[PDB]
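First, one chain by itself in structure tokens, the form deposited in one PDB entry.
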């Protein structure tokens, strides 16, 4: 709590001199607020965003918070897979004139998932690293596709010059008792994908994820341990 800022429906937490976490909440009618996290990154004189909020209105609130608190232009956004918690606000980013980037497969699945596709598609080598020509001027964002897990399209992001990596919805916290909704999951490859994310970002000590508070690297090995049990 203490330290967090609220702006409309959203909550913001500073993780590092130039990195903040954004949290938005879906109101599940019977259940109440379900939190989802993304990241905001100040890169010199511009801002980069990872993930939308659940809805367009909430995504607009992120951008307005950036305008109010950082007052630097948002140069691009990258969304980490084609479900509502990470791509629900695409229309808001587009309306705001932010260039948007997603895994090619996310963009291909988006219509069927009821999401709006990003403008640009990222592609990935066999070793999981983004093909650099598809991610121009990403500054410190290092984008890595670990393999199928939470979904087949899930990607992850590390921030150069920080100790932070973002596992999105693939990674659960180190006290988690399950892997959550596995309805679109690849149960066979999940564990290796979790470990691959760990290997991509070997010096990250702060692991940020969609549905828990930032954790140590314990979150990675813990998720992989649970995932091992799906085979």
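Numbering follows the first chain given and starts at 1. Heads up, when I say rigid core I mean the largest set of C-alphas that superpose within 1.5 Å between the two forms.
If you look for the form deposited in another entry, you will not find it shown, but the lines that follow are about it.
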Residue 188: with the rigid core matched between this form and the one not shown, does its Cα shift 2 Å or more?
no
Superposing on the rigid core, is the Cα displacement of residue 28 between this form and the one not shown 2 Å or more?
yes
Just to spell it out: taking the C-alpha atom of residue 181 and the C-alpha atom of residue 10, is that distance smaller or larger in the other form than in the structure shown here, given it changes by 3 Å or more?
farther
Under comparison with the form shown, the C-alpha atoms of residue 183 and residue 9 in the other form shift by 3 angstroms or more, placing them farther
